[PDB]
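Participant: Protein chains in written order, with PDB author numbering: chain B, 237 to 443; chain A, 237 to 444; chain C, 1 to 13. Supplied in structure tokens, the structure appears directly below.
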Ligand SMILES: *[C@@H]1O[C@H](CO[C@@H]2O[C@@H](C)[C@@H](O)[C@@H](O)[C@@H]2O)[C@@H](O[C@@H]2O[C@H](CO)[C@@H](O[C@@H]3O[C@H](CO[C@H]4O[C@H](CO)[C@@H](O)[C@H](O)[C@@H]4O[C@@H]4O[C@H](CO)[C@@H](O[C@@H]5O[C@H](CO)[C@H](O)[C@H](O)[C@H]5O)[C@H](O)[C@H]4NC(C)=O)[C@@H](O)[C@H](O[C@H]4O[C@H](CO)[C@@H](O)[C@H](O)[C@@H]4O)[C@@H]3O)[C@H](O)[C@H]2NC(C)=O)[C@H](O)[C@H]1NC(C)=O
Ligand SMILES: *[C@@H]1O[C@H](CO[C@@H]2O[C@@H](C)[C@@H](O)[C@@H](O)[C@@H]2O)[C@@H](O[C@@H]2O[C@H](CO)[C@@H](O[C@@H]3O[C@H](CO[C@H]4O[C@H](CO)[C@@H](O)[C@H](O)[C@@H]4O[C@@H]4O[C@H](CO)[C@@H](O[C@@H]5O[C@H](CO)[C@H](O)[C@H](O)[C@H]5O)[C@H](O)[C@H]4NC(C)=O)[C@@H](O)[C@H](O[C@H]4O[C@H](CO)[C@@H](O)[C@H](O)[C@@H]4O)[C@@H]3O)[C@H](O)[C@H]2NC(C)=O)[C@H](O)[C@H]1NC(C)=O
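Right, dumping it as structure tokens:
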């Protein structure tokens, strides 16, 4: 029969008032002979009725993919409400249920530190600029870079890594031409996390 | 029926001439009725014979775990030779085969850079010492930390992240008591990788 | 030359 996968919203969506977070119930391996799927959504055991089904999409290995999407309130997700998707299909002996929610535990505020490149690093075409983010909980976060009000795109960010005190850390690395750095330009690491003041902080770094 | 998984050696073992690297062919779901398992091992298609079977282990779910282990030469693995385990068993209409080897690609030297704590961190009970490692390929690598001959166990290293030029980077962060940093103690990041001179480098760091 | 890690031999070239 069908298999179910329930996805959380993106961190960024839940942190900016302007965007619209959603939870997403994917059903795969729906058969040609029974493509009808009944969705029931519950928020803290209380059914809601406002989810919307995405267009059905044929997969080309003889199955359908059927998605139901539920919009959620920013405060609700952040307050650790539990979202439940109940899926029913004629191929299923009993309805499948899945649940997701934010990680439980005291949220903790990320400590953001920017680290310039080493005096040894400085004999290359480009240099590496580091933004160390430590001590945050949960691990839901977003890190971006900017310079003089423009996005800096040439960065990579490690996955969040669990630390021995039970919070997470990551590092984000921005690569820039040595010249741009030597000439005293200011570069900014921007971090978005639920336990920051206004879910946002920015730190900067220059020669 | 039985299922087969083949694991590489551990990076350190392939990089330290004083250690013994091995490849490990693990067969699971071996049935109580046909527990006999044949292993043939090949090194670049040439069948070697010096493998050893580990002690049979009965699993809490009525199956056996049967494990053959093959020792390997440091330079063969690092030359990127292909290692093949072939498993036959009666519940298995066709022999199963798996291969691993080193990731192919010209190897590239890690650039190792240390970074002291931020002035903004100096407010805290402990501080973070970072070892940035970049521009290395393959991703097979060992990072460890130390002070005065002794290992420091209070660090964490990120998984290797693929960079935009086809090489890898990671960071290792060692957390230490601020006072220990103020006390002028030298800390050292040791990195082991096949593309380093003698497969080993060491960079240090302390208060200025 | 030769290189050691915590006393243990790494490699010699
Ligand atoms: C028939 O084919 C289908 C489809 O196959 C595809 O097409 C063919 C051509 C092939 O090329 C395939 O490679 C293609 O996938 C088969 O469908 C697959 O079934 C798998 C189950 O067997 C299922 O595996 C599970 O996937 C989970 C991760 O899925 C992620 O990531 C994958 C790949 O990384 C991606 O393909 C999926 O779409 C899914 O992507 C996420 O989608 C969500 C929802 O849209 C996104 O979240 C939303 O995003 C919006 C805006 O976009 C907004 O922000 C919302 O708020 C937000 O909710 C999200 O961004 C996407 N993420 C990423 C990273 O892309 C695994 O986690 C899971 O593992 C877990 O469970 C297992 C136990 O069952 C455990 O083993 C495991 O450890 C975990 O616990 C599974 O691996 C595949 O997802 C599924 N593929 C698709 C596309 O649905 C089908 O099986 C096959 N049938 C047969 C009979 O062969
Ligand atoms: C009956 O039970 C058995 C046993 O189950 C165990 O016990 C029960 C009670 C539960 O707790 C289980 O969780 C236990 O595992 C079931 O057997 C299991 O089958 C699974 C698949 O069906 C199989 O999954 C595969 O695992 C791969 C990774 O496995 C690692 O890591 C896990 C844990 O993370 C560990 O349990 C495994 O043993 C294995 O460990 C590695 O072993 C190698 C070889 O020893 C080590 O390498 C060597 O190390 C030595 C030094 O010791 C030296 O350095 C050598 O040089 C070196 O070679 C290595 O260090 C070990 N790693 C770790 C972390 O310890 C997955 O990668 C793999 O997934 C991949 O393939 C899938 C496609 O099939 C994909 O989904 C996926 O993307 C990957 O590509 C598999 O999931 C379990 O490992 C296996 N358990 C064991 C112990 O073997 C059995 O299924 C069940 N029967 C039935 C009918 O259900």
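No residue lacks a Cβ here, since even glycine has one placed at the ideal position from N, Cα and C.
Residue ranges of each beta strand (DSSP E) run of no fewer than 3 residues wholly in the segment 382-432 of chain A, ordered along the chain?
Facilitator: The qualifying runs are 391-393, 404-413, 423-428.
Participant: So residue 436 (chain B) contacts chain A; which residues on that side make the cut at Cβ distance below 7 Å?
Facilitator: Near residue 436 (chain B) there are no residues of chain A at all, since even the closest Cβ is about 17 Å away, more than 7 Å.
Participant: Any C-beta of chain A within less than 9 Å: which residues of the segment 339-354 of chain B qualify?
Facilitator: Listed in sequence order: 347, 348, 349, 350, 351, 352, 353, 354.
Participant: Going residue by residue through the segment 320-394 of chain B, where are the continuous beta strand (DSSP E) segments of at least 3 residues, counting only ones entirely within it?
Facilitator: Counting whole runs of 3 or more residues, the segment 320-394 of chain B contains the beta strand (DSSP E) stretches 332-336, 347-351, 362-372, 378-383, 386-388, 391-393.
Participant: Closest to residue 406 (chain A) by C-alpha separation, out of A:255, A:395, A:312, would be which residue?
Facilitator: For residue 406 (chain A), the nearest C-alpha among the options comes from A:395.
Participant: Between the segment 378-391 of chain B and the segment 423-438 of chain B, are three or more C-beta pairs nearer than 8 Å?
Facilitator: As far as the Cβ criterion goes, the segment 378-391 of chain B touches the segment 423-438 of chain B, which means the pair count is three or higher.
Participant: Given that a residue counts as buried once 16 or more other Cβ atoms are within 10 Å of its Cβ, and exposed if not, what is residue 436 (chain B)?
Facilitator: By the 10 Å Cβ count, residue 436 (chain B) comes out exposed.
Participant: Show which residues of chain B have a CB atom less than 9 Å away from the CB atom of residue 356 (chain A).
Facilitator: By Cβ distance, chain B contributes 347, 348, 349, 350, 439.
Participant: What are the complete beta strand (DSSP E) segments, minimum 3 residues, inside the segment 273-361 of chain A?
Facilitator: Here the runs fully enclosed are 274-279, 282-284, 293-295, 299-307, 319-324, 332-336, 347-351.
Participant: Can you find a C-beta in chain C that's less than 8 Å from the C-beta of residue 440 (chain A)?
Facilitator: Taking Cβ atoms only, chain C never reaches closer than 8 Å to residue 440 (chain A), which makes this a no.
Participant: Does the beta-carbon distance from residue 408 (chain B) to residue 391 (chain B) come in below 8 Å?
Facilitator: Yes.
Participant: So with CB distances below 8 Å, who are the chain B contacts of residue 394 (chain A)?
Facilitator: Chain B residues near residue 394 (chain A): 394, 395, 397, 406, 407.
Participant: Are residue 314 (chain A) and residue 430 (chain A) closer than 8 Å when you measure CB to CB?
Facilitator: Yes, these two residues count as a Cβ contact at 8 Å.
Participant: When burial is assigned at 16 or more other CB atoms within 10 Å of the CB, is residue 428 (chain A) buried or exposed?
Facilitator: Looking at its Cβ environment, which holds 16 or more other Cβ atoms inside 10 Å, residue 428 (chain A) is buried.
Participant: Would you say residue 299 (chain B) and residue 265 (chain B) are within 8 Å of each other, going by their C-beta atoms?
Facilitator: Contact flag set, yes.
Participant: Please return the same chain residues whose Cβ sits closer than 7 Å to the Cβ of residue 250 (chain B), not counting the five positions on each side in sequence.
Facilitator: Around residue 250 (chain B): 257, 310, 313, 314.
Participant: If we define contact as Cβ-Cβ less than 8 Å, is residue 429 (chain A) a contact residue for chain C?
Facilitator: By this cut-off, residue 429 (chain A) is not an interface position.
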